[PDB]
Amino acid sequence: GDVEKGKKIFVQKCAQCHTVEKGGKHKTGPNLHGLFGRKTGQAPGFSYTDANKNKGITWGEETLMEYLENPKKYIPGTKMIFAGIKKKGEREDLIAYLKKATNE
Ligand code: HEM
């Protein structure tokens, strides 16, 4: 995916609920720093739904690709209000940006 295109997507559709940097505050949604390689619902200090905490999968390019296409379908009961991103390419770009931004 194209990191720059993904940055634009993040800023327009995710930033209002999520920060990606280390130490970034939790907002409506949890801070995403360290996302890749971590299990669902493990960011300290954020009140996740039990649905998210119990999904039990590990966040990575593959799991994110599915989750972002339709959040509610992948994690029934999640309190994340987001319809999903239909275009495969857009999800690829966004995930490429997340891979970088949540690890710097
Ligand atoms: C496309 C943009 C977005 C992406 C890529 C995204 C991604 C994520 C990810 C990966 C998680 C899981 C974190 C974890 O398990 O530690 C999450 C959780 C969450 N997100 Fe988002 N998110 C986006 C937009 C939003 C928006 C717009 C809202 C709010 C209106 C939101 C609200 C939440 C909430 C409330 C949770 C925690 C849900 C729960 O505990 O069930 N997100 N998001």
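First residue shown is number 1, and so on along the chain.
Using the three backbone atoms N, Cα and C, a Cβ is placed for every residue, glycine included.
So that you can see what the record holds, here are the features copied from Swiss-Prot:
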- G1: N-acetylglycine (MOD_RES)
- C14, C17, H18, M80: heme c binding site (BINDING)
- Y48: phosphotyrosine (MOD_RES)
- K55: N6-succinyllysine (MOD_RES)
- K72: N6-acetyllysine (MOD_RES)
- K72: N6-succinyllysine (MOD_RES)
- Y97: phosphotyrosine (MOD_RES)
- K99: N6-acetyllysine (MOD_RES)
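Structural mapping of features recorded in Swiss-Prot.
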| residue | record | DSSP class |
| --- | --- | --- |
| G1 | N-acetylglycine | coil |
| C14 | heme c binding site | coil |
| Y48 | phosphotyrosine | coil |
| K55 | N6-succinyllysine | helix |
| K72 | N6-acetyllysine | helix |
| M80 | heme c binding site | coil |
| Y97 | phosphotyrosine | helix |
Q: Could you tell me which of the recorded positions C17, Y48, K72, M80, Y97, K99 have their C-beta within a distance under 6 angstroms of some atom of ligand 1?
A: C17, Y48, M80
Q: Return the member of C17, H18, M80 nearest to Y48 (phosphotyrosine) in space, with distance defined Cα to Cα and candidates limited to these binding-site residues.
A: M80
Q: Enter the number of other CB atoms within 10 angstroms of the CB of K55 (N6-succinyllysine).
A: 21
Q.
Neighbours of the heme c site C14, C17, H18, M80: Cβ within 8 Å of the Cβ centroid, same chain, sequence order.
A. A15, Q16, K27, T28, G29, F82
Q.
Show me the subset of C17, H18, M80 whose Cα is within 10 Å of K55 (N6-succinyllysine); these are the binding-site residues I mean.
A. none
(Q) Measuring Cα to Cα, how many Å separate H18 (heme c binding site) from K99 (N6-acetyllysine)? (A) 14
Q: Around the Cβ of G1 (N-acetylglycine), how many other Cβ atoms lie within 10 Å? Please give the count over every shown protein chain.
A: 20
**Q.** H18, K99 as recorded positions, winner by CB count within 10 A
**A.** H18
Q | Alpha-carbon spacing, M80 (heme c binding site) to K72 (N6-acetyllysine), which is rounded to whole Å | A | 8
Q | Cα-to-Cα gap, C14 (heme c binding site) vs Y97 (phosphotyrosine), nearest whole Å | A | 12
Q) Since the record lists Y48, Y97 as modified residues, which of them has the fewest other Cβ atoms within 10 Å of its Cβ? A) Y48
Q. By CA distance, which of the recorded positions (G1, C17, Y97, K99) lies nearest to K72 (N6-acetyllysine)?
A. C17
